[PDB]
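Next up is one chain by itself, shown in structure tokens, the form deposited in one PDB entry.
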């Protein structure tokens, strides 16, 4: 029995329509078929969602660790039971290929399972003090209410990466998902957590335009933390509100980044090309960790830029429901326009085209470019699409200066048969994550996930998640009269 009545949004403990009087139509990117229609959430709905989350969170925190962990374990069972249902929703709503939808399902399933162990793992500290009679204590407790903003690209995994740890550690959450993917934005995650036995009021979804309710979501005096994943222009506005607005709160910001792919002269050129193809065209380039630009040492550029285009030509563009589809449709119209503008600017700027696939409706084929410079737009800005530019490098020093020439280092990759040469290069990269002899699209559950420069505030996953979604309360207890100088 598949979930029905998806349009109703969990709001302050009950499933009801929003009161904005405005409707959001959720459509399939591939064919345009309407999937459902949602009565959008109000500013009063948001205040109610937060207030109820505050009211029922202490009861959730007061539950013992096994009780909260049981909900997370039960959530894993549902993930298995509704596996095709979950994957099919990812495909139809976000326009993900079937094979990406399976990868996203497994990533979200893994962080849920990983989060289940967190109630047993978190602990406080007992500290020795010089003051006679003074005992110093630190309690580790849940923040309270976590507001979570979710992007369209990987809407399920990226929402679940915040709320699954946050809920396990005794927080309550309010999710504001992307308007293009409100269902895989935690509307379904809310349904899954309800099935898992999550008490009502701890998980609320507010569906509305981030340009209209977003400021109120981050400004709100209730949430102690706001996590975000998306664009740098919006992440900047979110940070400026949360760190400069009326009510201050922490922020975890994962801005998009500009993953460089560095192929040094002594690289295994087959491995490099295969990694470059998969690490670019998984999800049609719509990944924050997708490689943005490929930088090959000159003594190997032509070999790479030739085997690269060979294999790019062999990627099947088409219907995402098929397991053999590599490239599916682009998520919406404006995003497709922005990538066609980028292709036109790459010609305007002199980049030699090596392959122009077509554009068939919402299906945009790969568009490879070579002889690219660091100042070209296709190299400097983040492309959430099947666009790639190839950059020629002389010395490895030039590979390193080219790779660091981006303002946001999130992830990166460097290829060389000499592992020590590759690690020293990777230590020189101003990015939070580098993968040697592998793709930059990686996210293991015990591994720190976050950015540096203009793409990152904070770290997720594992012990980094336990620290992110809790707070430390220093409590000193004086067991004897302290003598004061006046």
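Positions refer to the first chain, counted from 1. Heads up, when I say rigid core I mean the largest set of C-alphas that superpose within 1.5 Å between the two forms.
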item	value
Stretch with the greater mean C-alpha B-factor as recorded in the entry, comparing 410 to 418 against 284 to 292	284 to 292
59 to 67 versus 438 to 446 - which carries the larger mean C-alpha B factor in the record	438 to 446
Largest Cα B-factor, entry values, listed residues 186, 199, 119, 265	265
From 194, 114, 381, 219, residue of greatest CA B-factor	381
Within-chain third of residue 303 by Cα B-factor, per the entry	highest
Chain third (lowest, middle, highest) by recorded CA B-factor, residue given as residue 27	middle
Within-chain third of residue 157 by Cα B-factor, per the entry	lowest
CA B-factor placement of residue 50, once the chain's modelled residues are sorted into thirds	lowest
Third of chain Cα B-factors occupied by residue 261	middle
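What follows is about the form deposited in another entry, which we do not show.
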property	result
Residue showing a 2 Å-or-more C-alpha displacement between the shown form and the other one once the rigid core is overlaid, selected from 348, 375, 129, 211	211
Rigid core fit then residue 57 CA moved by 2 Å or more between the shown form and the other one	no
Yes/no, residue 462 Cα shift of 2 Å or more between the shown form and the other one with rigid core fixed	yes
